[PDB]
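Trainee: Build me a structure from this.
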Amino acid sequence: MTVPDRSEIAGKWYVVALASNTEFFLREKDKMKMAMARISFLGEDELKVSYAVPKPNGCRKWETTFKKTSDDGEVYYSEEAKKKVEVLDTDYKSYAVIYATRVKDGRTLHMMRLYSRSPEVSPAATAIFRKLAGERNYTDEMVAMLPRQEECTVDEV
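Mentor: Residues are numbered from 1 along each chain as shown. Please find the structure below.
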């Protein structure tokens, strides 16, 4: 905090932290991969953030641009039931956390996403995200961590 600036939000976003709940969670282990992202305001009444998930030594890499509308004060973008996610924490100086909620064909699934400007994520970003996670319902109940095991799979056991 010091002076207003849209750029604060605009920049590089690093997706590493994730939290979800789904019966198909087991199947979602393979899909797990490192994730990078970049946010930018689309000059057409839409805001978009591209994310490039790399994982050559396991599968490959994927990129996708998601965009729609965004709220003031902080950052919360809607994208039809199928895609609904809100950017919270502190996407103004270096660390931000965003929770995603999917809704399609009458199906509800929860998934969180954490965008970090720099690898050195502040204790607040991680702690507040985890702490905030509980306020919503819990942490492990809805947890997920950047994959780091065999091929395309998250560390476990």
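Trainee: I'd say residue 116 and residue 98 touch.
Mentor: No. With contact defined as CB atoms under 8 Å, residue 116 and residue 98 do not form a contacting pair (10.8 Å). Every residue, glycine included, has its C-beta placed from N, CA and C.
Trainee: Residue 54 sits in which helix or strand?
Mentor: In this assignment (DSSP states H and E), residue 54 forms part of strand 46-55.
Trainee: Please name every helix or strand in contact with that strand.
Mentor: In terms of contacts (3 or more CB pairs under 8 Å, 6 or more residues apart in numbering; DSSP states H and E), strand 46-55 is packed against strand 11-21, strand 35-42, strand 60-70.
Trainee: from the chain's centre, how far out does it sit?
Mentor: 10 Å (CA atoms, centre = their mean, to the nearest Å).
Trainee: Geometrically speaking, which residue is the centre of this protein?
Mentor: Against the mean C-alpha coordinate of the chain, by CA atoms, centre = their mean, the closest residue is residue 113 at 2.1 Å.
Trainee: Just give me the longest helix of the protein.
Mentor: helix 123-136 (DSSP state H).
Trainee: end to end, how far does stretch 150-157 reach?
Mentor: 12 Å (CA to CA, to the nearest Å).
Trainee: Give me the contacts around that stretch.
Mentor: Stretch 150-157 has contacts (CB atoms under 8 Å, 6 or more residues apart in numbering) with 29-33, 55, 57-59, 144-149.
Trainee: Would you mind checking those residues for buried ones?
Mentor: For the contacts of stretch 150-157, a burial check counting by 16 or more other CB atoms under 10 Å picks out 32-33, 55, 58, 144, 146-147.
Trainee: Can you list the buried residues in the helix or strand harbouring the residue nearest to the centre of the chain?
Mentor: Here residue 113 sits within strand 107-116, counting by DSSP H and E. If you call a residue buried by 16+ other CB under 10 Å, then strand 107-116 has these buried ones: 109-116.
Trainee: For residue 137, state which of these is nearest.
Mentor: Top of the list for closeness to residue 137, among the buried residues of strand 107-116 and by CB to CB, is residue 110 at 8.7 Å.
Trainee: separation between residue 3 and residue 103?
Mentor: Distance of residue 3 to residue 103, computed by CB to CB, to the nearest Å: 38 Å.
Trainee: Give me the more crowded residue out of those two.
Mentor: Set residue 3 next to residue 103 and count neighbours by other CB atoms under 10 Å: residue 103 wins out with 13 against 5.
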